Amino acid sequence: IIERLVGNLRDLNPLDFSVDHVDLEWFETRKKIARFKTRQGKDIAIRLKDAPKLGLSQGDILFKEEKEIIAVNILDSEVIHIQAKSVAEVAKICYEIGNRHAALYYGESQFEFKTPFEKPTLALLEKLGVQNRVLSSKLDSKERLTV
């Protein structure tokens, strides 16, 4: 039974280590209790004291024994990447998506946003003519807008 993050590989960790990833979809990162089969057969239970409120992030270190590591890998998904032109537009989009109850993530740049691809959201985004592309891509839990 895993209890706490031993932090995240991002704090290198230039491996250096054999790393056995657990593979999560973006929406799975928030369970406190769940059972997993890691990439290399292994078994892993989790119960979380202080599960970072926004969820598990990329490479969160679940387990660490010697150089033997287990970390969180977040699977890629179809993602509508949104490029708003102005602050007025950001507001429009967010409100409108919020109204849709779809999920929404901050993008890499200041007017960029990412949301799971769904066709109604897509339809919406064109109806208001915002500039967007669908890419298979990663959605970091730490990028999510709470709600």
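Numbering starts at 1 and follows the sequence shown.
As listed in the deposited structure, the average C-alpha B-factor of 60-68 and of 96-104 is greater for 60-68. The mean Cα B-factor in the deposited entry runs higher for 9-17 than for the other of 127-135 and 9-17. If you compare the C-alpha temperature factors of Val79, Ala88, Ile82, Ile44 in the entry, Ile44 comes out highest. Listed residues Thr115, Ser109, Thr29, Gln40 were ranked by CA B-factor as deposited; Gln40 comes out on top.
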